């Protein structure tokens, strides 16, 4: 990364590692800071309860101009998580500016486990069930959590 971007990423990761959001543990990668790994506890009162969900934030590309690219490394049944694990946070792409930190990105992803957005879903099956047959969506999400979480 360019030196001036490295400085900002190092500040962002330090403050985030020192004070991580509730239920999130951050594991910075000394050799490569374009690659921030995170684990998110599946919130209680959701089908993901009890599971640990590994995820990765890619701080390369155009960050801070553009939001970082997020991937779940833990398999998950979620309307906003695609087949490659890619996370599409519609709120974040609309709301983003270069002043928003990584704390808000991670907080926004964790909160999306509680309030998934079925509209314009990446996993259409999960989105279709969430709206039309919530208990079926919960069952599948929970079974995937028991295997992968």
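Numbering follows the first chain given and starts at 1.
- 106-114 and 52-60 differ in mean CA B-factor, and the higher of the two is recorded for 52-60.
- As recorded in the PDB entry, 95-103 is the stretch of 32-40 and 95-103 with the greater mean C-alpha temperature factor.
- Taking only the listed residues 70, 82, 47, 67, the entry reports the highest CA temperature factor at 67.
- Annotation for residue 16: CA B-factor lies in the middle third of the chain's modelled residues.
- Annotation for residue 88: C-alpha temperature factor in the highest third relative to the rest of the modelled chain, per the entry.
- When the CA B factors of the chain's modelled residues are split into thirds, the value for residue 8 lands in the middle one.
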